[PDB]
Amino acid sequence: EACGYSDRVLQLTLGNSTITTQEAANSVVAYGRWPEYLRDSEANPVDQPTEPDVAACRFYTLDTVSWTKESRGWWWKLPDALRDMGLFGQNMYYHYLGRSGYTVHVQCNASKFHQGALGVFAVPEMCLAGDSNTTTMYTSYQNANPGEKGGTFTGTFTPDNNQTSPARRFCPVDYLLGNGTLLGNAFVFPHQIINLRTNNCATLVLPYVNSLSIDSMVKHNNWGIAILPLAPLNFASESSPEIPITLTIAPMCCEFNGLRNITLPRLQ
Amino acid sequence: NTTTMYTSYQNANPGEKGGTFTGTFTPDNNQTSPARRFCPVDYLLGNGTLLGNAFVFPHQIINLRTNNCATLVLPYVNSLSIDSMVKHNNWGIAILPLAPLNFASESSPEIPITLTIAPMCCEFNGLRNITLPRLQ
Amino acid sequence: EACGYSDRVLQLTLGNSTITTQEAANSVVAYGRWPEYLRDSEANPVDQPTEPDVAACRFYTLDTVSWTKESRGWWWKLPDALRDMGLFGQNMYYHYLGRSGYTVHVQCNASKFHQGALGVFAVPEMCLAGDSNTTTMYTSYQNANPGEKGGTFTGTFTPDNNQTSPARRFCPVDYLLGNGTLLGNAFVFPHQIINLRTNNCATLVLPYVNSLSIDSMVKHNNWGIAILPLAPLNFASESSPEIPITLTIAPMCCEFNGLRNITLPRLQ
Amino acid sequence: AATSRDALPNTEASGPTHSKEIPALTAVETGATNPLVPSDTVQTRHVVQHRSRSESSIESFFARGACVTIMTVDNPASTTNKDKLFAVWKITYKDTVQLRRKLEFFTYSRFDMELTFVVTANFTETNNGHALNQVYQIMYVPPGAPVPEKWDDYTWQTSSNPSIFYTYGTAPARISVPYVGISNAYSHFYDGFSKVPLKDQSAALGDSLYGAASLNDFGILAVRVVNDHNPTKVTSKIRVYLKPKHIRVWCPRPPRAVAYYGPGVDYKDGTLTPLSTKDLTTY
Amino acid sequence: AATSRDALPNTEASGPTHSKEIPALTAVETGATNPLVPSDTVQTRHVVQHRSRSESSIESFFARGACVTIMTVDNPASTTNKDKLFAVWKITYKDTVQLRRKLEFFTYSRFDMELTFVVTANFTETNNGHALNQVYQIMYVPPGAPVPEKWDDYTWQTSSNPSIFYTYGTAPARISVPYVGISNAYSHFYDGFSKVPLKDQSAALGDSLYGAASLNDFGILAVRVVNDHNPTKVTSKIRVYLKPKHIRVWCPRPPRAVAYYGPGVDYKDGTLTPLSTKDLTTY
Amino acid sequence: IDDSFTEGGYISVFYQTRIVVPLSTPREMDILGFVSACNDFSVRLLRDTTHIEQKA
Amino acid sequence: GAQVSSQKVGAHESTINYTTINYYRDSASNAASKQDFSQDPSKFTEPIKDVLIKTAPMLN
Amino acid sequence: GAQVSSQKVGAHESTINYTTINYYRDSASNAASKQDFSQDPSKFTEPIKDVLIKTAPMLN
Amino acid sequence: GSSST
Amino acid sequence: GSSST
Ligand SMILES: CCCCCCCCCCCCC/C=C\[C@H](O)[C@H](N)CO
Ligand SMILES: CCCCCCCCCCCCC/C=C\[C@H](O)[C@H](N)CO
Ligand SMILES: *C(=O)CCCCCCCCCCCCC
Ligand SMILES: *C(=O)CCCCCCCCCCCCC
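As you go down the protein sequences, you meet chains 2, 2', 2'', 1, 1', 3, 4, 4', 0 and 0' in turn. A prime marks a further copy of an entry chain. To convert, take the position in the first sequence, counting from 1, and add 4; that gives PDB author numbering. To convert, take the position in the second sequence, counting from 1, and add 136; that gives PDB author numbering. To convert, take the position in the third sequence, counting from 1, and add 4; that gives PDB author numbering. To convert, take the position in the fourth sequence, counting from 1, and add 19; that gives PDB author numbering. To convert, take the position in the fifth sequence, counting from 1, and add 19; that gives PDB author numbering. To convert, take the position in the sixth sequence, counting from 1, and add 179; that gives PDB author numbering. Mind the numbering: the seventh sequence is residues 2 to 14, 23 to 69 in PDB author numbering, read in order. Mind the numbering: the eighth sequence is residues 2 to 14, 23 to 69 in PDB author numbering, read in order. To convert, take the position in the ninth sequence, counting from 1, and add 5; that gives PDB author numbering. To convert, take the position in the tenth sequence, counting from 1, and add 5; that gives PDB author numbering.
Below is the structure:
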């Protein structure tokens with residue numbers, strides 16, 4: 005626009021929170037579907053839903069991670085990454101059922117002299133592969149659900165050989181997208197790339213996706229966020245560059261059914 | 137009777153257990169480590185006014201021969217439209233035996249009293265991190 | 005504009021002089037009033053005014069000063085700073101009375117690797133504080149009127165202790181805006197900031213301001229220009245960076261009354 | 020449209036009754052008062068009622084100036100060792116008891132406040148010296164403004180604070196003030212604290228008085244004798260009268276039944292037995 | 020047509036946003052302040068705003084009498100060696116500080132001036148003699164008119180100067196004066212001199228004070244006790260209060276931040292540190 | 180004035196990612212901050228300030 | 002701007026009236042009119058959800 | 002020559026008015042009406058030559 | 006002019 | 006007579 009508006013400069017406001025950016029590469033709406041509340045024709049639990057609106061549909065910033073030349077990649081699951089986030093998390097643990105969409109904003113700035121490219125992928129049902137070749141489908145609830153810290157990818161598969169006290173965790177190999185399929189094809193999932201010369205952020209608007217209208221948020225993650233270095237970090241001629249990556253995520257149109265006492269999960 | 141308006145936040149706010157009335161005023165004589173709690177005398181409605189007049193406040197009586205419950209629907213009342221719920225209580229519920237419990241000829245009868253309360257039309261403003269009060 | 009026009013790119017033309025800029029931060033018109041000639045309903049001296057038009061309403065460039073890490077700030081007074089500028093100055097000294105507006109263009113470029121921010125303030129009646137704690141209101145005409153060289157601010161008040169031959173000059177302390185009020189509030193005066201990453205100039209269009217329609221330009225300054233480093237000059241890792249600051253100022257709609265022989269002031 | 024000075028309802032004549040209508044029987048458990056009138060339980064005649072409730076309207080009940088404080092000031096000889104006394108009073112209706120008890124029939128109120136000032140002076144030493152007529156300055160110092168530290172310091176300039184210069188022996192001074200509360204009504208009772216004690220903070224740090232809201236609710240009145248020191252000392256008193264005009268009140272309360280003990284609802288041991296002996300079957 | 024007592028704008032309810040509109044991002048270099056309202060950066064509800072700016076209109080901000088001076092006079096015994104004291108004051112708002120600071124939020128002003136006079140008297144010697152009620156004469160002597168040299172000389176005739184004869188113990192005296200400036204507005208600041216120093220003239224001859232315009236800007240008030248000498252000496256003080264009515268102001272300025280030091284903008288060494296210690300990351 | 184009952188809360192600023200610079204660039208810099216009122220802002224009950232005085 | 006109202010005449014010696030003019034801009038400066046309204050006590054005397062009919066049983 | 006204006010009524014007990030008559034020839038003797046106007050802050054808050062649109066970039 | 010109640 | 010505002 006002749007009044008200055010740009011693809012690269014955006015402002016997002018949800019609840020009492022605002023994000024600004026001056027180096028965006030537009031933003032993505034997964035499968036072209038904006039988040040919505042559950043329609044009566046698709047409804048299933050009959051009790052009056054709780055819809056926290058601004059109390060939960062606001063931007064929550066997770067712990068900042070660090071990108072280096074040896075970084076193989078990071079992953080988070082939703083709603084798991086937000087289970088301890090203010091009133092969203094409370095609403096989640098107090099109800100049997102819950103559904104939610106999300107605005108995911110990945111942040112990573114650097115300088116005109118740095119280079120590198122992060123693939124930011126939102127994957128529906130992001131089932132990851134386990135560390136075991138003695139027992140399949142064995143990753144424990146606690147290890148499958150890291151909360152906000154997330155998990156990481158590895159360049160090497162290493163099988164858990166402790167049979168007496170097994171680690172019971174994922175071993176997500178990066179070129180296999182942590183799930184036995186080639187990473188070069190992950191672009192069929194809703195994505196953006198943070199290529200440092202071009203943009204300093206990724207924004208993905210995710211609808212609630214599932215084979216059900218509503219489900220157990222505590223038992224099941226709907227979306228996975230996978231961030232992998234498609235082109236490695238590099239800067240000037242420093243051997244050990246570092247730049248931070250921050251995730252800020254907002255629940256959208258979230259509603260909950262089946263209110264009771266609060267869930268107190270075994271997380272360690 | 138050494139310091140007025142001295143009841144601590146912790147003692148003013150018992151949470152769900154509530155507090156009780158007493159038939160006797162007894163002043164806290166520990167000046168070194170004061171109790172800092174209420175001493176609500178029953179015939180003075182715990183506040184220096186006669187209990188027989190408490191009926192000007194919204195009320196019901198549970199008279200056992202007649203009824204087994206009281207139901208009071210309370211509007212939000214205050215000199216402001218909204219306020220700090222953590223700093224300020226809007227309503228007090230006071231339950232006093234106007235006529236003492238009695239049964240057959242037992243000397244020590246007991247019957248339970250249960251309170252069930254529902255918030256209505258509640259709304260909140262000024263969202264931030266959670267308040268973690270000093271309650272003990 | 006889709007034909008390329010920008011807030012940042014301006015051309016100003018007055019008389020036989022043109023200024024161009026490619027890194028402006030828009031321009032300011034003090035109190036929203038453009039300069040004007042004196043209207044008949046507000047007129048006071050009855051003699052035919054002299055209105056030099058292009059002979060005086062043109063851009064005059066003053067002596068360039070230098071910004072360094074130890075710079076505390078600079079000041080000029082108008083019309084004083086222009087008293088020796090071509091036919092404007094002549095017209096000024098030949099007439100008892102004169103009034104004028106101004107376009108003030110402060111110039112300071114650097115590089116994408118330098119940083120610093122100059123507050124450029126236009127102050128009506130910029131009375132400055134003196135160096136004395138033995139005699140108030142004692143700054144001499146000669147010291148109050150530096151002409152184009154201007155004066156400077158200081159970080160320290162130091163009282164003139166020579167009682168026998170007093171300096172009789174200003175001692176304008178920077179955080180007190182040289183006048184006993186806090187500099188952080190100087191933004192209520194018409195201003196712009198030259199923040200090196202953003203812009204390389206400030207442009208202020210000043211109306212004639214006074215409690216009279218016309219007055220003695222030789223006795224009285226209407227406006228003061230105060231330039232202070234709000235954020236200090238810095239560059240790469242050099243300890244002693246320097247960049248120049250140039251002032252170019254044009255009188256606007258100036259008119260004079262009360263013609264006689266020329267004023268020959270005691271300036272030293 | 021029913022006004023405070025309207026006559027109350029007429030008594031309608033009523034005769035004998037024998038029916039299933041039972042006005043006399045009721046059940047106070049419900050929380051209601053039985054709305055009966057004499058014709059419900061006895062035979063009545065027709066009476067045209069002329070009486071009205073005009074004098075017990077909220078306005079009429081409060082339409083009186085009540086003394087809320089007495090401020091003492093003086094003007095001594097210049098030679099005295101003691102400082103010239105000027106007075107400072109924190110504005111309140113709780114230093115005296117009568118208006119306080121009337122307002123406390125209600126939980127909340129709104130009103131415009133009329134303050135009237137009665138000023139009296141006298142001699143103290145068994146002297147024979149005289150004093151010329153005194154002028155007094157009553158300055159309102161709202162929360163935040165500099166409180167005077169000396170009878171003659173810079174604050175008495177009053178460029179922005181409202182002040183009354185009262186001349187002795189003239190009519191008592193009077194001003195009005197609007198409803199100035201920071202809430203939509205004045206709270207006669209505040210069941211709460213001005214601070215939340217946090218766990219992560221020390222107990223001293225989270226502490227505050229029970230039932231107290233703004234520490235300096237309404238500011239202070241500072242009063243002085245403007246005249247310079249005089250050889251003979253004169254002492255004066257300024258009595259302050261408060262009248263609530265244009266008043267509204269909400270949520271009725273039982274009146275104070277035992278002596279006031281502080282600005283809160285606290286009571287003192289030994290004052291808790293208002294009622295006197297009277298036998299159940301004695302008229 | 021928007022008046023000072025009109026309610027301010029309502030808050031309009033606003034929802035979530037995801038667009039190229041960037042209200043939050045701005046550039047203060049331009050010299051402008053970003054005109055934002057809460058609905059620009061957070062979700063808002065609809066609120067019907069009732070508050071107004073009525074009390075901060077220029078008129079309301081200045082609508083108070085401020086003390087600008089205290090004049091001392093006396094009336095001694097006829098036998099005294101010292102002359103009867105009459106007072107002479109050069110009219111100004113700069114002898115005190117509070118009204119001065121308020122006016123100096125602005126560069127220029129126009130107003131009608133209301134002057135109110137509070138008069139107090141006392142005895143000085145530890146005598147027992149009395150004095151009958153005093154009448155005071157407050158004479159305005161404009162620049163050029165003969166200033167009184169003695170409490171009783173010919174100038175107190177006042178054929179043309181305005182005078183107030185005030186009777187002690189009566190209501191404080193009061194007069195109004197129009198906007199009397201010789202400019203179109205009063206200048207609170209004059210960056211200039213009243214003389215041009217010429218080269219052909221000596222430096223002493225061309226010299227004048229910085230920031231001073233007419234040496235006798237507005238003239239003086241001369242005050243006396245009209246009563247003849249009395250055996251017992253009485254001393255009186257006349258306090259002068261200035262209120263700017265019907266006021267207009269131009270060109271806002273940062274307020275005075277360090278103590279006033281003279282009628283100009285000068286400051287004194289040792290008074291230049293108004294701000295107190297507070298740590299950057301401490302609430 | 181400072182008053183617990185009418186307290187306003189907390190303003191604070193944090194690093195969301197970090198400041199990043201290339202080589203040949205200053206590694207430290209300043210930010211400046213400004214405050215102003217919105218169009219819904221008002222004041223009342225005129226009073227004297229403590230920000231000026233006249234001792235003697 | 003004069004307001005003319007009637008007095009309720011108690012002891013007698023038409024309608025007798027009296028006049029009122031407000032001298033000040035601020036309504037806070039005004040005297041009290043005493044022209045006040047009455048209301049029904051029901052919010053305190055009958056705060057029950059189901060309307061009470063006094064000839065009927067209060068409990069049914 | 003009486004001027005009749007309305008009061009903005011704050012606490013309540023139609024439009025309440027008050028009356029004003031000027032007693033003197035000189036307008037300087039008059040009380041202050043307090044019937045004042047407000048203006049937009051723009052000459053101080055937005056003194057820029059090109060009109061500012063707050064949703065747009067301030068610099069383009 | 007005159008109001009009448 | 007009477008003005009009215
Ligand atoms: C020149 C004298 C001016 C005097 C100005 C007095 C202004 C202050 C008004 C105080 C209002 C007091 C009202 C009574 C108390 C409060 O109702 C309760 N404590 C609850 O808020
Ligand atoms: C019988 C008593 C009559 C008193 C008459 C007083 C007339 C003089 C009016 C003085 C006006 C003073 C206004 C204030 C000061 C000026 O604003 C500044 N110094 C700038 O001109
Ligand atoms: C309405 O008021 C028009 C009639 C005016 C009647 C005479 C007014 C009497 C004097 C009032 C003086 C003004 C009070 C400030
Ligand atoms: C306009 O003023 C016509 C109405 C007159 C009303 C009565 C005036 C009250 C007394 C004013 C006296 C004159 C003041 C010098």
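From the three backbone atoms N, C-alpha and C, an ideal C-beta is built for every residue, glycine too.
Residue interval of the alpha helix (DSSP H) (run including residue i)
i, result
"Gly225 (chain 1')", "222-225"
"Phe157 (chain 2')", "No alpha helix (DSSP H) holds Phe157 (chain 2'); DSSP gives it neither H nor E."
"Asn204 (chain 2')", "That residue, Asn204 (chain 2'), is in no alpha helix (DSSP H); it is neither H nor E in DSSP."
"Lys121 (chain 1)", "117-122"
"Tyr100 (chain 2'')", "From DSSP, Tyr100 (chain 2'') is part of no alpha helix (DSSP H) but of the beta strand (DSSP E) over 99-111."
"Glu78 (chain 1')", "77-81"
"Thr54 (chain 4')", "51-54"
Span of the beta strand (DSSP E), counted from its first residue to its last, around residue i
i, result
"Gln15 (chain 2)", "14-18"
"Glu246 (chain 2)", "246-263"
"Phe184 (chain 1)", "182-186"
"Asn199 (chain 2)", "195-199"
"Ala148 (chain 2')", "No beta strand (DSSP E) holds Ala148 (chain 2'); the alpha helix (DSSP H) holding it covers 145-148."
"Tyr27 (chain 4)", "26-29"
"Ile231 (chain 2)", "227-239"
May I have all residues whose beta carbon comes closer than 6 Å to any heavy atom of ligand 4, sorted in chain order? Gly2 (chain 4'), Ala3 (chain 4'), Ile30 (chain 4'), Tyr32 (chain 4'), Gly6 (chain 0')
Against chain 3: residues of the segment 171-185 of chain 1 by CB proximity under 9 Å: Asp172, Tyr173, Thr174, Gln176, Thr177, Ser178, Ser179, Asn180, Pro181
Taking beta-carbon pairs under 9 Å, can you tell me which members of the segment 213-228 of chain 3 lie near chain 1'? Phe213, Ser215, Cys217, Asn218, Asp219, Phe220, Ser221, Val222, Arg223, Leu224, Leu225, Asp227, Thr228
Check distances from the C-beta atoms of the segment 147-161 of chain 2'' to those of chain 3 and list, in chain order, the residues that come in under 7 Å. none
The segment 224-238 of chain 1: which residues have C-beta closer than 7 Å to a C-beta of chain 2', in chain order? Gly225, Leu228, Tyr229, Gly230, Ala231
Using Cβ-Cβ distances below 9 Å, what residues of the segment 45-61 of chain 1' are close to chain 4'? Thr45, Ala46, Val47, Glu48, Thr49, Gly50, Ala51, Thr52, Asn53, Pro54, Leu55, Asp59
Going along the segment 189-214 of chain 1 in order, which residues come within less than 8 Å of chain 2', judged by CB to CB distance? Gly200, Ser202, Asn203, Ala204, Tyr205, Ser206, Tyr209, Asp210, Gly211, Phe212, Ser213, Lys214
When Cβ atoms are compared, which residues of the segment 2-13 of chain 4' fall closer than 8 Å to chain 0'? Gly2, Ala3, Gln4, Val5, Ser6, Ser7
Just to confirm the assignment: which complete beta strand (DSSP E) runs, minimum length 3, are found wholly within the segment 148-199 of chain 1? 154-160, 182-186, 192-196
Near-chain 2 residues of the segment 181-209 of chain 3 (beta-carbon distance less than 7 Å), N- to C-terminal order: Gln195, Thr196, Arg197, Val199, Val200, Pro201, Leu202
Going along the chain, which residues of the segment 81-94 of chain 2 sit with their C-beta nearer than 7 Å to a C-beta in chain 2'? none
Complete runs of the beta strand (DSSP E) confined to the segment 236-284 of chain 1 [at least 3 residues]: 239-244, 253-271
For the segment 85-134 of chain 1, list the alpha helix (DSSP H) runs that are entirely contained and at least 4 residues long, ordered along the chain. 117-122
Members of the segment 117-129 of chain 1 near chain 4', C-beta cut-off 7 Å: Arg129
Give, in chain order, every residue of the segment 144-169 of chain 1 whose Cβ lies closer than 9 Å to some Cβ of chain 1'. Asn146, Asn147, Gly148, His149, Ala150, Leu151, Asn152, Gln153, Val154, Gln156
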